[PDB]
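Participant: Would you mind keeping the following structure in view while I ask a few things?
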Amino acid sequence: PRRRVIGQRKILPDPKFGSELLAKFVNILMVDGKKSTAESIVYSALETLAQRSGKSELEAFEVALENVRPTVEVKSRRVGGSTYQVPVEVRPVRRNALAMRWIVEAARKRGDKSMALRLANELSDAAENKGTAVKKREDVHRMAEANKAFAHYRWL
Amino acid sequence: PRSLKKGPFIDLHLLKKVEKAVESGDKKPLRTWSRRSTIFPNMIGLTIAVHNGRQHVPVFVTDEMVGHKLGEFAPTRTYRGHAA
Amino acid sequence: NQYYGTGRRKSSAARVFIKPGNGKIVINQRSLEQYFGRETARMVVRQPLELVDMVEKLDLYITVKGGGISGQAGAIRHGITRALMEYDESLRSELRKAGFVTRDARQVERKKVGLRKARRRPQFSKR
Amino acid sequence: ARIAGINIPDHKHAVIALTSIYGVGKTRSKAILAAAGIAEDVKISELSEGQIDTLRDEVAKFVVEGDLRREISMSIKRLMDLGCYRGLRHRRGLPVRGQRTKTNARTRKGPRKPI
Amino acid sequence: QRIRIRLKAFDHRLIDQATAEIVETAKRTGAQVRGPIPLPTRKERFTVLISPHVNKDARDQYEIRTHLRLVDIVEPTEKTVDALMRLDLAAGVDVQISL
Amino acid sequence: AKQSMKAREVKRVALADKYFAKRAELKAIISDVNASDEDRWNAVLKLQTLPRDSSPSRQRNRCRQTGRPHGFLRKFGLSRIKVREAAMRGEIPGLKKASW
RNA sequence: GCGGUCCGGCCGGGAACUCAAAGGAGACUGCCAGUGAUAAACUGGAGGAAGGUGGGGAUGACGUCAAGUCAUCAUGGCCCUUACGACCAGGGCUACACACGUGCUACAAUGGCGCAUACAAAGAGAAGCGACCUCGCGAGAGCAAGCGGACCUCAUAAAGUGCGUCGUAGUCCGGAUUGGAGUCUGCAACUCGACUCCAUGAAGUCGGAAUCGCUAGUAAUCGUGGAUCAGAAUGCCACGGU
Ligand SMILES: [Mg+2]
Ligand SMILES: [Mg+2]
Ligand SMILES: [Mg+2]
Ligand SMILES: [Mg+2]
Ligand SMILES: [Mg+2]
Ligand SMILES: [Mg+2]
Ligand SMILES: [Mg+2]
């Protein structure tokens, strides 16, 4: 980090559909070293959406991802002794990373019958863009609009 | 607790002195150091000067106390309180 | 008569044998669907059977010992891979590029004196 | 809805409802259900007065509610008036089975009283 | 009556020297033999605190390794058993002949 | 340690040697056996009657070369640090510093 | 694989393999390309099980802190030597208006509860590990096989998976605390041991300022073993699973 720069870590792709993003999503959903159950719920969530939306659930999760993927961030910094929330464009490897993380806790606060069911509803409601994910993304957009005043502060 | 197959516990010197005093009638307190012995009904209605470390505290044997130990009724610590 | 393979993911050993057949696999005198309860644990075994077309023509007797569920599955994967190596040795540009011949040397680290979890150091107060 | 016990157990399941009764835990609840002969896997029919009648005259063989409470008060107070060490801890609000009192005795002592 | 020789020694070099000096004595008396097998070497690890008064992170680990070898004799003879008794071997290896 | 402590310990092990085979084991078994009755009570009195130093639990194994009660090892019969220094001189066979 | 198969590596039988341990080979920026200052290096690639110190361990230079230890030990000086020495029984080191540090168990639904079902590694064991069978809800008791051990015994793992209920409730959570009755060690479990069964079910619904560990099989989490040990782990030292 301070001496030698290194790149990203490669993650074995999703076995059931060949994606890297599904594997990463389920990994970040994994808690306390339990990937066995995590795989079970992610398959159940995608098949509920498969029967609800079009048969190819690949595109449904994709659109539910793009409408919440963030392109601008908020970074706390101090240069001259004042708190600066500098907005910066984020590279796509971090764009999609932060988007799915927020979705993870968005489902937990949904509070449905089961964890699998709430993820399914969260991913579906994001497809129509009425989801709390879009709510959070509009929330970050207003503060991002607010941070355009900070955008020309020190360390632009 | 000592297992029921093994029975209760009692000390040889204590047992011999208790039966002599019982046979000769309850006359005087019984001086003892054996706190580990168990209160057995043969010494009912007697005063036992049980040791706590510095002074032998008298205890009277009553029916409801039987089974509990001889050294149980001798608090070895004196803590009035952390106040004045 | 029977092509041989060996596999070891973490602490397990796999004994993998190939014969021509109708695409049936037996694991420890037990079907794979019965043995590996986990769906991901199940299909990691058959992952190399897609890029290699020999899925429908190989009956595969396997005996795997030691390790745990994911470790035994990874060991199973590596053993089938090697067993194929002494058969065709002409699909390397595809199979290596997926990453199956590679033996996973990653391993559990020994505990250290003054550490709780072999790298975690006990939480301390500066004062 | 009231079982033979003074309290009124809920009507959500059978074992759970029994474990709502004072004086009977999960294991004792299983014992009483085995005595009555009632299981949840029977048909939905005949769920009526036909089982709690047996429940009333079976639970009477156990010591519950006031009888158990009266026994517990007598046990500690028998310990109390005896002048025993175990009763002395009971009197002073200190750990009675020999736990440490220097710290970590808060639940029997009560809340942390400041200086 | 097939006998079974068990040999224990701390040092791996010593057990090989021992198992290689027993065999040609067997050839000297002239009896066919079987190859020694390595039974799992046993490793014992003692972790001892090194500071005299007080430390906890300063502690050294000492291991004792005992290596165990098996020999099987197929057709013994009185001369062969006399050779086992008469032959001299290193003090670091013990004898556990079994009938 | 202390010569008084070492002298105490030698006396303790000698009495345990003297009494372990003569009464101790048989009194323990005749109290455990459920076939006998009230002969166990008589046995318990005589068991207490003994000098009471005969119990092997009355013994505390100590570093024989130094008498240190704490940090003892059974296999070597020495204190922790005494084992270390003797090992460095090479006096314990097959012993070295571990690495794994 | 061959046959036999009390259909279980159990029997002859095979040494090919897993494995055990003994020796040896290989990983050296070795070759290609790019950057660089045609150097060293760095980056990428090819092969390769492993690629850049392959991943960890041991190994801690000169020196600092009048750092710690005179209670491991030895030792200069100082003091006691009818007492600061020595033998005993009981007690204390476990006390509790409070504060701090280090940990274990939780507040739950990724969970609880019940049934069925699968695999580990490392070690211990002769005054010791203790099977099978019988009784006991149980910790355990009785009889007693074998094992100085790759054979015999602690020894079966747990989160996992499949089933059904719990359905968000201080709850089929949480387990303190307390009562009654017990088991085992030991001369003896009151002060003051651990564990089992029944009875009660406290705080706690994720925690302020602040503060700590951790860069890969690592955090996290789940069990297992050892030394100390008659008995007494949530500590310490090790092991494996996800
Ligand atoms: Mg681990
Ligand atoms: Mg001295
Ligand atoms: Mg002791
Ligand atoms: Mg100093
Ligand atoms: Mg000092
Ligand atoms: Mg202390
Ligand atoms: Mg122990």
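Identifiers in this document derive from the order of the structure tokens: chains are assigned A, B, ..., residues are numbered from 1 separately in each chain, and ligands are numbered from 1 in order of occurrence.
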Can you pull out the residues contacting residue D:36? Cut-off 9 Å, using only C-alpha atoms (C1' of nucleotides), and skip same-chain residues under 6 positions away; I want them as a list in words.
Facilitator: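 Answer for this query is residues 51, 52, 54, 55 and 58 of chain D.
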Participant: Using only C-alpha atoms (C1' of nucleotides) and all ligand atoms, which protein or nucleic acid residues are at most 12 Å from ligand 3, as a PDB file with C-alpha atoms (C1' of nucleotides), in the first residue's frame?
Facilitator:
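Below is the file that was written, out-v2.pdb:
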```pdb
ATOM      1  CA  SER F  55      -1.752 -39.361  50.336  1.00  0.00           C
ATOM      2  CA  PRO F  56       0.082 -38.926  47.014  1.00  0.00           C
ATOM      3  CA  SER F  57      -2.068 -35.806  46.606  1.00  0.00           C
ATOM      4  CA  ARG F  58      -0.131 -34.456  49.598  1.00  0.00           C
ATOM      5  CA  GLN F  59       2.935 -34.572  47.323  1.00  0.00           C
ATOM      6  CA  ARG F  60       3.885 -31.712  45.036  1.00  0.00           C
ATOM      7  CA  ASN F  61       6.382 -32.676  42.347  1.00  0.00           C
ATOM      8  CA  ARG F  62       9.196 -30.143  42.233  1.00  0.00           C
ATOM      9  CA  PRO F  69       7.422 -25.699  42.885  1.00  0.00           C
ATOM     10  CA  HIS F  70       6.221 -23.917  39.741  1.00  0.00           C
ATOM     11  CA  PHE F  72       7.574 -28.280  36.457  1.00  0.00           C
TER      12      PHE F  72
ATOM     13  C1'   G G 186      -9.366 -36.643  47.434  1.00  0.00           C
ATOM     14  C1'   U G 228       0.026 -27.808  34.452  1.00  0.00           C
ATOM     15  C1'   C G 229      -2.885 -31.844  36.721  1.00  0.00           C
ATOM     16  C1'   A G 230      -5.431 -36.683  42.402  1.00  0.00           C
ATOM     17  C1'   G G 231      -9.730 -33.006  41.219  1.00  0.00           C
ATOM     18  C1'   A G 232      -9.955 -28.022  39.606  1.00  0.00           C
TER      19        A G 232
END
```
Participant: When the cut-off is 12 Å and you count only C-alpha atoms (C1' of nucleotides) and all ligand atoms, which residues lie near ligand 1, shown as number ranges by chain?
Facilitator: C: 107-112, 116-120; G: 121, 217-224, 238-242
Participant: Using only C-alpha atoms (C1' of nucleotides) and all ligand atoms, find each residue with an atom at most 10 Å away from ligand 2 and format the answer as a PDB file with C-alpha atoms (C1' of nucleotides), in the first residue's frame.
Facilitator:
```
ATOM      1  CA  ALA F   1      14.395 -23.519  46.846  1.00  0.00           C
ATOM      2  CA  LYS F   2      14.762 -24.274  50.555  1.00  0.00           C
ATOM      3  CA  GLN F   3      16.477 -27.224  52.209  1.00  0.00           C
ATOM      4  CA  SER F   4      13.534 -27.380  54.612  1.00  0.00           C
ATOM      5  CA  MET F   5      11.125 -27.659  51.679  1.00  0.00           C
ATOM      6  CA  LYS F   6      13.199 -30.385  49.996  1.00  0.00           C
ATOM      7  CA  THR F  66      16.434 -26.918  42.355  1.00  0.00           C
ATOM      8  CA  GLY F  67      13.177 -27.525  44.264  1.00  0.00           C
TER       9      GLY F  67
ATOM     10  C1'   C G  73      19.578 -20.577  40.671  1.00  0.00           C
ATOM     11  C1'   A G  74      24.662 -18.956  42.152  1.00  0.00           C
TER      12        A G  74
END
```
Participant: Name the residues in contact with residue E:42 at a cut-off of 12 Å, using only C-alpha atoms (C1' of nucleotides), excluding same-chain residues fewer than 3 positions from it; report them as a PyMOL selection string.
Facilitator: (chain E and resi 8-12+38-39+45+63-69) or (chain F and resi 94) or (chain G and resi 20-21+122-123+149-150)
Participant: Can you spit out the residues from that selection as a PDB file, in the first residue's frame, using C-alpha atoms (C1' of nucleotides)?
Facilitator:
```
ATOM      1  CA  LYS E   8      13.482 -46.661  18.574  1.00  0.00           C
ATOM      2  CA  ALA E   9      16.030 -43.844  18.450  1.00  0.00           C
ATOM      3  CA  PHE E  10      15.982 -40.083  18.713  1.00  0.00           C
ATOM      4  CA  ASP E  11      18.198 -39.535  15.631  1.00  0.00           C
ATOM      5  CA  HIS E  12      17.154 -40.502  12.074  1.00  0.00           C
ATOM      6  CA  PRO E  38       9.127 -46.405   8.273  1.00  0.00           C
ATOM      7  CA  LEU E  39       6.379 -46.246  10.888  1.00  0.00           C
ATOM      8  CA  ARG E  45       6.906 -30.348  21.347  1.00  0.00           C
ATOM      9  CA  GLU E  63      10.805 -30.897  20.139  1.00  0.00           C
ATOM     10  CA  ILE E  64      11.830 -34.511  20.719  1.00  0.00           C
ATOM     11  CA  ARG E  65      11.547 -36.670  17.599  1.00  0.00           C
ATOM     12  CA  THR E  66      11.477 -40.450  18.018  1.00  0.00           C
ATOM     13  CA  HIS E  67      11.771 -42.471  14.800  1.00  0.00           C
ATOM     14  CA  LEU E  68      10.328 -45.980  14.640  1.00  0.00           C
ATOM     15  CA  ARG E  69      11.392 -48.783  12.302  1.00  0.00           C
TER      16      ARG E  69
ATOM     17  CA  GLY F  94      17.086 -35.844  20.758  1.00  0.00           C
TER      18      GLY F  94
ATOM     19  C1'   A G  20       4.080 -43.606   6.338  1.00  0.00           C
ATOM     20  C1'   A G  21       9.929 -41.618   6.184  1.00  0.00           C
ATOM     21  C1'   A G 122      -2.828 -32.801  16.049  1.00  0.00           C
ATOM     22  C1'   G G 123      -1.731 -35.054  20.552  1.00  0.00           C
ATOM     23  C1'   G G 149       0.605 -48.003  20.849  1.00  0.00           C
ATOM     24  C1'   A G 150      -0.148 -46.267  12.289  1.00  0.00           C
TER      25        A G 150
END
```
Participant: Residues contacting ligand 5 - anything with an atom at most 10 Å away, using only C-alpha atoms (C1' of nucleotides) and all ligand atoms - can you give me those as a VMD selection string?
Facilitator: chain G and resid 67 to 69
Participant: Let's have the selection written as a PDB file, in the first residue's frame, with C-alpha atoms (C1' of nucleotides).
Facilitator:
```pdb
ATOM      1  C1'   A G  67      14.711  -2.018  32.307  1.00  0.00           C
ATOM      2  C1'   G G  68      13.076  -7.171  35.428  1.00  0.00           C
ATOM      3  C1'   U G  69      14.661 -11.041  38.433  1.00  0.00           C
TER       4        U G  69
END
```
Participant: When the cut-off is 9 Å and we count only C-alpha atoms (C1' of nucleotides), which residues of chain A are near chain G, given as a ChimeraX atom specification?
Facilitator: /A:30-38,113-115
Participant: Would you mind exporting the chosen residues as a compact mmCIF listing (two decimals), in the first residue's frame, restricted to C-alpha atoms?
Facilitator:
```txt
# COMPACT_ATOMS: atom_id res chain seq x y z
CA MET A 30 -21.49 -13.77 3.31
CA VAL A 31 -21.20 -13.12 7.03
CA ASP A 32 -19.18 -14.94 9.69
CA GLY A 33 -17.57 -17.31 7.19
CA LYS A 34 -20.77 -18.92 5.85
CA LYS A 35 -20.79 -19.18 2.06
CA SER A 36 -22.81 -22.40 1.93
CA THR A 37 -26.05 -20.69 2.95
CA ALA A 38 -25.13 -17.57 0.97
CA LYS A 113 -40.43 -13.17 6.30
CA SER A 114 -36.95 -14.47 5.44
CA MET A 115 -33.60 -13.16 4.26
```
